[PDB]
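A.B. asks: This is the structure I want to talk about, given as structure tokens.
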Amino acid sequence: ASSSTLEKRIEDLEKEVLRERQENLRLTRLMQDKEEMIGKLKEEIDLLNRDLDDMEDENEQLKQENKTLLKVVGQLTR
Amino acid sequence: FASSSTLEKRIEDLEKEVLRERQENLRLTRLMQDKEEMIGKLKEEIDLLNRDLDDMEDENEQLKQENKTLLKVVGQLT
Ligand SMILES: [K+]
Ligand SMILES: [K+]
Ligand SMILES: [K+]
Ligand SMILES: [K+]
Ligand SMILES: [K+]
Ligand SMILES: [K+]
């Protein structure tokens, strides 16, 4: 094993380490992005479910009003 | 100047390092694929909830026009 070949092996491997560290940094940051996205989506789901609950309530209320008005008309017909 | 042995160990160490960092990036890659799947399902859920909210919107409008008609009927009778 000649010292020149060894020194070049070291040079190459060190380049490699730097490269893969860059790639890992990239992946880590991307990971944080995906995580943020998951958070926002989950929040959006919670909001949508609150909206859905609100709609269920407004509609049930309207159905009871209709039931009442229909009942009234029923009385004005008999 | 560095010993052929010294160089051999720097090489040893660097190779261990590369293998380590590669394992780590593999881990991150798989974790990433997970995050993307998760995001997919969440977005799909958002689609279903928005469809449901649309359905509730239509039903809401139908109940409101029905309500208005009934009010009108009550007005014409008494
Ligand atoms: K070598
Ligand atoms: K290499
Ligand atoms: K890390
Ligand atoms: K060295
Ligand atoms: K090292
Ligand atoms: K890669």
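For the structure tokens, the naming scheme is as follows: chains receive sequential letters (A, B, ...) according to their order of presentation, residues are indexed from 1 within each chain, and ligands are indexed from 1 in presentation order.
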Write out as number ranges by chain each polymer residue (protein, DNA or RNA) that has an atom no more than 8 Å from ligand 4, with only C-alpha atoms and all ligand atoms counted.
C.D. replies: A: 7, 10; B: 2, 6-7, 10
A.B. asks: Hey, can you spit out that residue selection with C-alpha atoms as a PDB file, in the first residue's frame?
C.D. replies:
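Dumped everything to part.pdb:
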ATOM      1  CA  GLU A   7      -3.724   9.640   0.927  1.00  0.00           C
ATOM      2  CA  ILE A  10      -8.553   9.436   2.448  1.00  0.00           C
TER       3      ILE A  10
ATOM      4  CA  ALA B   2       1.836   9.818   8.349  1.00  0.00           C
ATOM      5  CA  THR B   6      -1.953   5.660  10.522  1.00  0.00           C
ATOM      6  CA  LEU B   7      -3.340   6.279   7.048  1.00  0.00           C
ATOM      7  CA  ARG B  10      -7.931   7.032   8.998  1.00  0.00           C
TER       8      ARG B  10
END
A.B. asks: Determine, counting only C-alpha atoms, which protein, DNA and RNA residues have an atom within 9 Å of an atom of residue 32 (chain B); residues of the same chain fewer than 5 positions away are not included. Present the result as a list in words.
C.D. replies: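 What passes the distance filter is residues 27, 30, 31 and 34 of chain A; 27 and 37 of chain B.
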A.B. asks: Store the residues picked out above in a file with N, CA, C and O atoms, as a compact mmCIF listing (two decimals), in the first residue's frame.
C.D. replies:
# COMPACT_ATOMS: atom_id res chain seq x y z
N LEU A 27 -32.37 15.87 3.65
CA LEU A 27 -33.43 14.97 4.11
C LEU A 27 -34.02 15.40 5.44
O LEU A 27 -35.22 15.26 5.65
N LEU A 30 -36.23 18.49 4.79
CA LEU A 30 -37.41 18.01 4.08
C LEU A 30 -38.37 17.32 5.04
O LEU A 30 -39.58 17.50 4.97
N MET A 31 -37.80 16.52 5.94
CA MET A 31 -38.53 15.84 6.99
C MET A 31 -39.31 16.84 7.82
O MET A 31 -40.50 16.65 8.08
N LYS A 34 -42.34 18.05 5.72
CA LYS A 34 -43.41 17.05 5.77
C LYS A 34 -44.13 17.06 7.12
O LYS A 34 -45.35 16.89 7.18
N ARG B 27 -32.62 5.29 7.01
CA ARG B 27 -33.63 5.51 8.04
C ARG B 27 -34.52 6.70 7.69
O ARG B 27 -35.75 6.59 7.66
N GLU B 37 -46.98 9.02 2.89
CA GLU B 37 -48.20 8.22 2.95
C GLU B 37 -49.23 8.88 3.86
O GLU B 37 -50.39 9.09 3.48
A.B. asks: Tell me which of B:74, B:28, B:48, B:56 sits closest to ligand 3, counting only C-alpha atoms and all ligand atoms.
C.D. replies: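 When distances to ligand 3 are compared using only C-alpha atoms and all ligand atoms, the smallest one comes from B:28.
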A.B. asks: A:47, A:6, A:37, A:17: which is nearest residue 50 (chain B), counting only C-alpha atoms?
C.D. replies: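 So, comparing all the options, the nearest one is A:47.
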A.B. asks: Counting only C-alpha atoms, which of B:51, B:39, B:12, B:75 gets nearest to chain A?
C.D. replies: B:39
A.B. asks: Neighbouring residues of ligand 6 are defined here as those with any atom at most 9 Å from a ligand atom, counting only C-alpha atoms and all ligand atoms; list them as a PyMOL selection string.
C.D. replies: (chain A and resi 20+23-24+27) or (chain B and resi 22+25-26+29)
